[PDB]
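Enquirer: What follows is a single structure, and I will ask about it in a moment.
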Amino acid sequence: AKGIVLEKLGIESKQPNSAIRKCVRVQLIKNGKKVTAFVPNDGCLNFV
Amino acid sequence: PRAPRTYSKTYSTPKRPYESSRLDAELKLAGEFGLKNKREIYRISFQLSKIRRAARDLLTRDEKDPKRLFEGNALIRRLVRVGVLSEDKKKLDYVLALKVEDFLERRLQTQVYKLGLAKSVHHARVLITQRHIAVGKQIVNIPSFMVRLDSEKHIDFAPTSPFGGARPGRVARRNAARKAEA
Amino acid sequence: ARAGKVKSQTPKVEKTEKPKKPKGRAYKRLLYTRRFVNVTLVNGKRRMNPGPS
Amino acid sequence: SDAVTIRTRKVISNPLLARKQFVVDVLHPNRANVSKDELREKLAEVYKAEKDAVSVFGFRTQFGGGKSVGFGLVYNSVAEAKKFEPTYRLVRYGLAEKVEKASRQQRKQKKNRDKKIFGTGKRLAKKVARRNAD
RNA sequence: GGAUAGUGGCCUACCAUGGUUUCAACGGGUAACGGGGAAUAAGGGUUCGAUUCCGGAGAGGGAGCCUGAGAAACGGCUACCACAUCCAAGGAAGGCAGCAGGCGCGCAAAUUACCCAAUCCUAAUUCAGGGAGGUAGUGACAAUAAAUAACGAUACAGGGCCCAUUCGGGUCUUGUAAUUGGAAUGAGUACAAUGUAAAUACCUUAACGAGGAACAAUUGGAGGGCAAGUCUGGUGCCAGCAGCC
């Protein structure tokens, strides 16, 4: 799907792990539902 | 829109793709015959898997039945003419145990090697693909020709291609023109 | 901390220029001569990529 | 030298089209592509016919070279050649001249244009002039 | 009886009360056109089939109808609904789910190219016409074949053997070497001819085109599953990786 990014997000990892998962909340062009997508490498939140 | 032109694929990727024994075996019988990749072996393995299903198809049913007799003899004839079976193994039970190795021993590069004037089979593959080895009034650039037991005697170097007689170089003409000034 | 720190930090040592690997058939000539001919001495199973053993 | 040797195999005699239909089988050795002009020249001798009365096409030098395989038509006369040979072949041989007519998109444009003007649009060309004074 | 080319509740009038159904009628859904087939492959199956052939349907949505052997036709007409044009404000013209191309919609798809030369079709018809259809362009959807190197000489090693008189003479072979030297070919490039309707591309070929820095092969991985490091530098529950643990 395609979308326009609303916010940058720092999602906290589940309990055995500990980190900030550098997600992005994005509204879908297709239908208009707002989903939260993960940015898939090290310093890519700064790229999006 | 006219009509669907039929294509089919000749190779098949093995089921479990990381296995010490299979990897060992395949690299060995790739290093022997000087092959490029593992799909060469996957193809020969697919061809043998087609023959073996065609063999079991003709075997399981009645004996002395025209279907078994005709298709069985056609396959055996085709294989003994390739050279994968010999004179004394035309029973349609020898064919079922046929060892992909046997097919790989009948590629053009292997025959160029084993008929001399080839010096290590990696020279025989590069010879063929460089438009040198002509079977007879007919060049072959394919190092997977499957020699057919009657071109074994006639196979040689081309009328062209030095190794032949007609062409004297492309690099020799260079060296001639460079050393011409002395 | 913030995104891309440890990549922005890491001292990027560059790649060294070498002779290439001979591609296609010649690579299988190398992999054959380096495993089934001139293999490193076997203790139990062969060690394909040991450091200073 | 080369000494190119031609062989006209698979001959069918055709008194309907006034033809000798055959497969031309050329050997090239030490050259290639023997020039269809030269092929017609040296095929004129094998059937003692005029070189404007013989036609060859589709030679396709074989893989590895040293050999070509074309299809060759010999006619009884040049008048018959022109009656039965397609105009494109006749221009390849240089006897008939190619009619240099308008591009097919211009031809289709102007036939769609002439669909509109009813008959000889002279009495309409006698309005377009006499309506310019209004 | 009417109508139809004709059979028929097809329609009309007059009669009877019938007909379908737990063997699933009827109603609802289908991101359902059916089939020939397709993918997977012990056998049995499961999933799919808008799409090269056959059949059915529709030409923005319904309905109507003329002409004709044939149509309820839409590159025919008429009306209404939707949307839309040009207008000199009185009027006029619309129907790409044909080809190409543009919007839009999107995760998602090409050139507003050339030609009737082949395949055929139509016509008063050997000639005319055909965006049917072919040809080239875009094109890593798939599919086939298979380049990216081969060969010796020179210095080191090792491995079968004569006696292991410590000898090693190494008399054969498996390699390692930034040492080395000639032969090979297309990848390109281009007279030519071939190809073609004309061309391009292939096929074949004059002349040129290989030396490590090149004519340079990547992509994903190295704890396990799973082939492959308990090797260096950095980070220090962060940054991150991690289909699963």
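Using Swiss-Prot numbers, chain D covers 2-135, in order.
Going by what the header records, the deposited coordinates were determined by electron microscopy, 2.9 Å.
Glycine is no exception: its Cβ is also placed from the backbone N, Cα and C atoms.
Annotations for this protein, taken from Swiss-Prot, read as follows:
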type	residues	note
COMPBIAS	D:105-115	compositional bias 'Basic residues'
COMPBIAS	D:124-135	compositional bias 'Basic residues'
CROSSLNK	D:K21	ubiquitin cross-link
MOD_RES	D:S2	N-acetylserine
MOD_RES	D:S14	phosphoserine
MOD_RES	D:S56	phosphoserine
REGION	D:102-135	region 'Disordered'
Enquirer: Using Cα coordinates, what distance in whole Å links D:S56 (phosphoserine) and D:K21 (ubiquitin cross-link)?
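Expert: Between the Cα atoms of D:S56 (phosphoserine) and D:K21 (ubiquitin cross-link), the distance comes to 10 Å.
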Enquirer: Is it possible to get the count of other C-beta atoms within 10 angstroms of the C-beta of D:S2 (N-acetylserine)?
Expert: 6
Enquirer: Would you please pick out, from the modified residues D:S14, D:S56, the one with the fewest other Cβ atoms within 10 Å of its Cβ?
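Expert: If we count Cβ atoms within 10 Å for the modified residues D:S14, D:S56, the smallest count is at D:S14.
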Enquirer: Just to verify a number: CA distance, D:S14 (phosphoserine) to the residue listed as 'ubiquitin cross-link', in angstrom, no decimals.
Expert: 5
Enquirer: What is the total of other Cβ atoms whose distance to the Cβ of D:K21 (ubiquitin cross-link) is within 10 Å?
Expert: 20
Enquirer: Just give the helix, strand and coil counts over the compositional bias 'Basic residues' (D:124-135), going by DSSP.
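Expert: Helix, strand, coil within the compositional bias 'Basic residues' (D:124-135): 6 helix, 0 strand, 6 coil.
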Enquirer: State the Cα to Cα distance, in Å, between D:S2 (N-acetylserine) and D:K21 (ubiquitin cross-link), rounded to an integer.
Expert: 31
Enquirer: Let's see if you can do this one: DSSP helix, strand and coil counts over the compositional bias 'Basic residues' (D:105-115), in that order.
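Expert: Secondary-structure composition of the compositional bias 'Basic residues' (D:105-115): 11 helix, 0 strand, 0 coil.
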